[PDB]
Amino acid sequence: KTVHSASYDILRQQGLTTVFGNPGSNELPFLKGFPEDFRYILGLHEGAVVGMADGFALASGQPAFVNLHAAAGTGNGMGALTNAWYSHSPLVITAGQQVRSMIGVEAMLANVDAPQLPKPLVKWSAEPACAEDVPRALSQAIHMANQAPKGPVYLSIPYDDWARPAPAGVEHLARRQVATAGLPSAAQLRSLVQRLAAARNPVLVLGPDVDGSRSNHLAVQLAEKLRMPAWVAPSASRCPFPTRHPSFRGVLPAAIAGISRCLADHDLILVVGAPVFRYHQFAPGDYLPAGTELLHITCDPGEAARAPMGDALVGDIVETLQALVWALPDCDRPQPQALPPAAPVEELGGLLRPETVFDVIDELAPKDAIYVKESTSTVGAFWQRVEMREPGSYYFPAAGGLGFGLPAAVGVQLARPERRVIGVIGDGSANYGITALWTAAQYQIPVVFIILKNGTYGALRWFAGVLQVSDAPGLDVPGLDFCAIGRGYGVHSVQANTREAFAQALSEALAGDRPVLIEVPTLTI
């Protein structure tokens, strides 16, 4: 037995049998003898590697294993880690290191002070002090990433470690289970029941950990038991509730003053599975309406600690909601009434309007499609127009780090081969993760990649207009041909200029079993 055999035994028994990577010489001794029951997914750039792994871990509900090259490979993946942090993504990131005797002299490919490199975007990082501790360190990595609050971890491994003999006692590691006890106490449950049942007009607010914990159906039961509306917490990264349910109200605005206005008539706000709150725009005002109280249920002690208001309970979301639904009384206030349907937009005679594209998607897509969205000026219209009825149907970068979309679509589609993934990606956002197209071609992962091509960084032009700034450089992205780029990376590509051409292209893509890129020139104002 070697450090190598012991390590692959640990990965197999813990279920980490898909490796997302881009290889280098320090990693070859790990990749040696790669087992026939494991799968390796090559990305051409590490931002795409990490984002594929992120999508895979989130959609599968299991940890994902990554293998990168030394400091430059780790570095190229670091933007993608910002999103993985706020999505509570359990990524086990390994990077290969020089031989131990060559690290201090700073030989070429030595990753200097390796554990510091990924900080502060990892929950744990190490470089084992000896070859013999590597298998236990890898066990520690997997169980740190997969415990609440879940998140990325990092391990740097000198390449001469793998061939060394495994130590006595290593046989205990592969079978280890780490379980998290997160049910409320009887007193804690009583407090939630008393406060909710006593409220005049409560409201529900739901974040990405409602989807991550598979609590969507429980959230519907909760809303119905208290006859209350349900919103998505601001800066939404996942969809936690069926969007045409009559209690649904949309996504809250990412603004201090905006949330206290939207929720002004409610005496009690219950936030589940989000921070309080991922505000974005500067909009000073009241954190809460006068007389309103807030309750917060979260899996993350740091979310509970940092909130500017409310009483928090930190624990297991699905067990907490199940207990709460059981313990609450029925209510006979009237049921909330549904939001009105979105009207078609006016025909203006220029390029296709995003609203039009979305109406077509809502008509032709399967009702359990999965959407991966990274198109920053069209978010409001998408949520209004594209129904998302089932869990696990939406992914948007949780840190707002662009380059998530194309790679995450490939990883999500790999995790959920029985559903169809449709990416809705801007011309700007596409270029941060463009080589994911190639991985989709090579492995025949049949994402429908829709590129909305408006010629600009539209969301930034909007924000610039708001600040009366007209002199900022760098906001336009002319001269891009995504059909040529798609074909370059091996993906069947088509340009759709009208509503009829777009419908035909989407229909034909959905009917097939290959990736397709659909380039859609769109209106921007």
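Throughout, we count residues from 1 along the sequence that is shown.
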| query | finding |
| --- | --- |
| Mean temperature factor over C-alpha atoms, higher-scoring stretch between 42-50 and 475-483 | 475-483 |
| Mean C-alpha temperature factor, higher of 282-290 and 108-116 | 282-290 |
| Of the residues 131, 331, 142, 436, the one carrying the largest Cα B-factor as recorded | 331 |
| Residue, from 205, 351, 402, 440, that the PDB entry assigns the highest Cα B-factor | 351 |
| Residue 469 - which third its CA temperature factor falls in, relative to the rest of the chain | highest |
| Chain third (lowest, middle, highest) by recorded CA B-factor, residue given as residue 525 | highest |
| Chain third (lowest, middle, highest) by recorded CA B-factor, residue given as residue 33 | highest |
| Among modelled residues of the same chain, the CA temperature factor third for residue 260 | highest |
| Third assignment of residue 98 from its chain's C-alpha B-factors | lowest |
